[PDB]
Each structure stands twice: as C-alpha cells, then as structure tokens.
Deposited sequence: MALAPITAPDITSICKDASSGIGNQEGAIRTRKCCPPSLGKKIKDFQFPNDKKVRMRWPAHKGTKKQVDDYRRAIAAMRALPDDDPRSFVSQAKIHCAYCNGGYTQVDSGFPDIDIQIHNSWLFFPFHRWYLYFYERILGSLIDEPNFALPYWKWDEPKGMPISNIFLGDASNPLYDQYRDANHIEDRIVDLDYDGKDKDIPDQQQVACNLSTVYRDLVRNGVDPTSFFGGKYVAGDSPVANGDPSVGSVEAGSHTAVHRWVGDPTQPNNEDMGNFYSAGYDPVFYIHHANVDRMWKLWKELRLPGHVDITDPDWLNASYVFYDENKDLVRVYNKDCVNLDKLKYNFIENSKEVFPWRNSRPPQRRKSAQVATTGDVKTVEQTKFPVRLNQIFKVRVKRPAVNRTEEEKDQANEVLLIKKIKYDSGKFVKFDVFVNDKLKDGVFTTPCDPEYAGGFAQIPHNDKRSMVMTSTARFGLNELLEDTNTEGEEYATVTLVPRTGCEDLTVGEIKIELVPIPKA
C-alpha cells in the first residue's frame, strides 16, 4: 500500500512552480505555503453539529443565506493575510496542492510532487477543502449552522453567474479578475473551449443539460471514469482524468477567468482560482455532482474501496487554527460531515433525460467514408489538424444484458503535450451525416472532450469515453469498427496521441 500522504505542510512546502505558464507576469503570488504556528497535526474527529448544514443554490438564497455568506466573506477578507483562515490563506491552499507546493516525502519520495488534480484524489480533496472553508466562514460570523451556496449550473436559471457575485468591490463576493464578456447575465458554457459559441440561449441551456448528463452518465460510467484514475506514491508525471474534472468543471474555470490576464486569472488557473469567491461555489456544485452521481443508482455508480485511495490524506487548518489530517475514507458519507444540499424535491433532475436525441438513419450515409484502421496507422499522431481513424471493437450487437455488465469504453492514451497552456480537443464517434443535416453542439456523435487546465510539472494524459449509449444513438452497434474523430480546439499545435483502443470494462458491483 502506497497512499498519497500530505506531509507536515508547515515544515515541508515550497513556492508553487507548476501549472503557471507565465510566472513572470503572474497577478497573484506563488508563495502559497500555509503559515507556521507551531501546531501539532491532530487526527480528524467527526463533527458533533446539531443540524445538518444545507447548502443552497446561489441564485435562490434567502436574504439571511445571502447576507450571512456575504458577511462571512467580508470577515474573511478583513483577517490579516498570515492568519490561516484569511481570504488569501484559503486561496493559497488550492495553489499549494495544485501547483507544486508539497512532495511525497512522507511516502519516501521527497523528489516527487503531490498533485491532487487529474486523478482519483480530485473529488475528495476538494470536498475536504470546502468542509473546512465552510466551517471557518461560519465561525467568523458565529453562525453554527452556516452553509455555502452552490452554483447550480445544472439548472437553467442557475447557469449564469448569480447576481450575488456581481457589482463592484463594495460587494465582498466580487472579483474584478473575471471575463468581462461573461459577467453580464450570460449563460455559462459547460463545454467552453476558449471561444464564445454563437448559438441561441435555448440551445446553450439544452447542451449544458446534456453536458451534465454526459459527465455523470454517458462518460461517468464507473469509478475509474468518474473519479479519475489510480494515483499512488512514487507516481511521477497521468493517471486518467475523470469525466467531471475534464468536462464541466474545467469549462467553468476557463469561462470565468479573465482572458486578458497572463494566466487567465483568477478562475482560469489553479494557482489563482481561489481568489475568486465563486471558485468555492463552483466546487460546491462539483462536490454535489459526486452525491448526485451516487443517487442515480445506476450500475457501476459506487464509491472507491481501494485501500490506496481510502488511506490517502491531506492536511488543513480548521476554524481553531489547528492542523487537521483528513483521509479520503472519512468524507464519503455526507451525513457524517454534517452538511448536504437543498434539492428540488421533484421526480427528476432537470438534466436526467438529456441524453442526445437518437440519430435518424435517414440523416446518415452508409459509411463514415474512406478511413484507415488503427493497425494501418503509424502512431503517435500529431493533432495539428483533425485526425480520423477506425478502431476495432471488442464485439458487435451486444445484448442489453451484456451491456448491463460491461461498458464499451474508448481509451485515448499517451496524450502528450506542453501543459503550460490550456489544452482542449473534442472527440466524435461514427459521425456520418448527410450534407445539409442540422447539427448542434451536443449531437449523439459527440463523445465529449479532453480539456486540461495548465499543470506543467511535456505532460502525458489519458481519456476514457463511454460508448454503450453512443453506438445505439448513432445506429452503429453492428459495425465492426468505430470511427473516431479527434478535433483540436486549442493548445493542440504540439500535441501528440500515442494510443487509441476500445475495451469492454466490466461494471463493478
């Protein structure tokens, strides 16, 4: 067993040096280390809160919920910087853990950094991060039952940035370093690639709902595909990045960050994202997606039970300025963490049925055209342009019972690129429409994207796309090969793909 283990973050820490493409021009500090107060690290104890903290949609808060949240951020902003509870200290936590603050010295690897992103540590780390953040905010205003808002971008009216975050600096929830084009009641683009789409609001809303369905159902088919790939001590730069992390979560980061800043600060980069209050509220909904993913009660939607994940741990300051070590295993049950999320109390999530519409055969031509197979192709391949290839399937016309027991999964492995820049490419499968056919940004042929916030230690990544639905949706369940189109969107000039294949992945019970 070799679980990732944060060191004494007050003894072992160094300025952030990873994932920041323009350090010279950086708007925020790279000195992201937490203050040293001489505290001894204590083990986590489950909270004894009387009530469950009920996190609320940021666009539908009561006057008290908004005022308390505003009042708490104000108090946090007033704290001396060196206070571990301060506005700046809380932002630096993200920078320390995401941009090279710590090493794996406690595991016996002092020359390897810890990265909690692009791995199965993604969800539980941010869960713990927010747990303490919330409890700190509550303490500052003496509200024992204080709860964060969440950015419900899975709800149409929750998709624009809530107006509680807007205005000027007289509003504590305001951040000047945001994309000026995206703060004027504009609808978030959950599959943003750095350029505004020119599409009707109704269509952006519909595709956003399809993005949530894609991240949580179409591609989030099991723990590996949803949480991200296995990451243990000794592992130096990926593992595979999860569906939410490389999907809606990354899109929102780049959508909010100010593209006129050198690293698209604040939200556009891990090192600066925490200086925007909306960052935590975005991640509050990401945290909620883990809960929703379980609540779907679909096969494969189970929590990780690998000891190497369960026993991984981080260290945070709490509201008492004590150092607390927390483990992944202790954050899986929200009841025990004494918070949850106000839900709609309706039959269904608004995105629950946003599976792309079935492609009509009348809209398709016979074949995907003249295209070579993976075996006829020389890898690696460069994505300086669109790349198409036929991938051998492990089987054709699988039964519902077989599809119920294993996901057919497209693997794009050995994705090599400079990660000093934001990267995105899109993936389409069995695209073969007749000329003239109406298309949208969320057609059934669209498998999703690979999107990566900068995290240069070149870097090597892996993406996993679910095909059980898509092959049905494109009428290609009987075809021996599946035709894969990779479409570069940004940062792919130097990017290389080393392996492409399709596998049957048994659904874990």
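The chain's deposited sequence has unresolved stretches at 1-2, 240-243, 464-467, 520, with no C-alpha coordinates there.
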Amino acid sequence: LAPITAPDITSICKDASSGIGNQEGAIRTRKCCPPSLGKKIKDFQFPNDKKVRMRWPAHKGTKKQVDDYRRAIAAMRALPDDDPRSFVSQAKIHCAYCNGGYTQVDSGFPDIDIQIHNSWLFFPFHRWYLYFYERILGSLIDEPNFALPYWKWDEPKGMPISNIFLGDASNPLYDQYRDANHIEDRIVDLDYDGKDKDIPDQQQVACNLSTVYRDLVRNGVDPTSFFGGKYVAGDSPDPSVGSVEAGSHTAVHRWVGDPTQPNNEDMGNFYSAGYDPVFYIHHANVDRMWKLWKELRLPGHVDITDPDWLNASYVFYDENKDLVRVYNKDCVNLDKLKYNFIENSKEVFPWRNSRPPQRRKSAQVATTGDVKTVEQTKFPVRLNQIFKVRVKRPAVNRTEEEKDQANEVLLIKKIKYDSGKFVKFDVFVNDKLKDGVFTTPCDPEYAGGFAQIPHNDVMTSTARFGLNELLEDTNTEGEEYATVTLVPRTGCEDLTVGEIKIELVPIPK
From here on, numbers count along this sequence of modelled residues.
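Residue 375, modelled here, also has coordinates in every other compared entry of this protein that models residues flanking it, well short of the third needed to call it frequently missing.
Notably, residue 432 is never a gap: all other compared entries of this protein, restricted to those modelling both its neighbours, have coordinates for it, so the one-third criterion is not met. In this entry, the higher average B-factor at the C-alpha atoms falls on 335-343, of the pair 335-343 and 277-285. In this crystal structure, the stretch out of 292-300 and 244-252 whose C-alpha atoms carry the higher mean B factor is 292-300.
Ranking 226, 128, 379, 271 by Cα temperature factor from the entry places 379 first. Of the candidates 55, 60, 39, 464, the deposited coordinates give 39 the top C-alpha B factor.
The entry lists a Cα temperature factor for residue 469 that places it in the middle third of the chain's modelled residues. Among all modelled residues in this chain, the alpha-carbon of residue 98 has a temperature factor (C-alpha) in the lowest third. Ranked by Cα temperature factor within the chain, residue 265 sits in the middle third according to the deposited record.
Annotation for residue 355: C-alpha temperature factor in the lowest third relative to the rest of the modelled chain, per the entry.
When the modelled residues of the chain are ordered by C-alpha B-factor, residue 194 sits in the highest third.
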